[PDB]
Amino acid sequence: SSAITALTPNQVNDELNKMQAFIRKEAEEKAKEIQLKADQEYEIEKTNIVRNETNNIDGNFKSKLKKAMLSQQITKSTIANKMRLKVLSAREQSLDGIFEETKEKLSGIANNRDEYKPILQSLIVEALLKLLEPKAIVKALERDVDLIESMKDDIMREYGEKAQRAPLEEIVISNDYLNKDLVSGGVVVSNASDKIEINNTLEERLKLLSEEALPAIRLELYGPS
């Protein structure tokens, strides 16, 4: 019969179908495992690739972020210092306004001959008492020379009493006039040899006073810091 078997033609068909089903199923399982492992490897490798770069990103991100909070802190510090600086500057300007207004008042008295005349006379004599020479050179403003030349007798008479051990011969009104923007009032008295000079102007007295009165005022309104 050219067909060696113990099964019916349908049984051998069932068996063949069974075997090819085995093969097909094996292939399907193999494929399933392939794809599963492929998914797992996908996840692992993606994670690794990302991590390898984030390790470098976070590295410089940390450095940049560290230098930002520092910048904020420095900003806060600079502001905090700026405010204190504004306080100290406020104190200084406060002490400035007083001497400025004082200078203004001196400039006011300077342009008031009714009160300026006895004051001007009082300053000229004091300078003479500190000079103590028979002759003296007086250097004043161009506007004051008229007032001074009208009261020379008064000056010489006043000086000849407070210093009887040192008479006064001649008072010389200099041709060199004081500066308009430097001197508001007063005189500058020099000697014949022009070695000793006595600046008895309002500005000079105010400055010399400010050299010693300013810290006194400062340490009276407030306290030493």
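Residues carry their position along the shown sequence, with the first being 1.
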Name the higher of the two by mean Cα B-factor in the PDB entry, 2-10 versus 215-223. 215-223
Which of the two stretches, 105-113 or 124-132, shows the higher mean Cα temperature factor in the record? 105-113
From 166, 68, 31, 192, can you pick the one with the highest C-alpha B factor in the entry? 166
Looking at the entry's B-factor column for C-alpha atoms only, identify whether residue 157 ranks in the lowest, middle or highest third of its chain. highest
Going by what the PDB entry lists, where does residue 91 fall on CA B-factor within its chain: lowest, middle or highest third? highest
Per the entry's values, where does residue 83 land by CA temperature factor relative to the rest of its chain, in the lowest, middle or highest third? highest
Among modelled residues of the same chain, the CA temperature factor third for residue 139: lowest
Ranked by Cα temperature factor within the chain, is residue 170 in the lowest third, the middle third or the highest third? highest
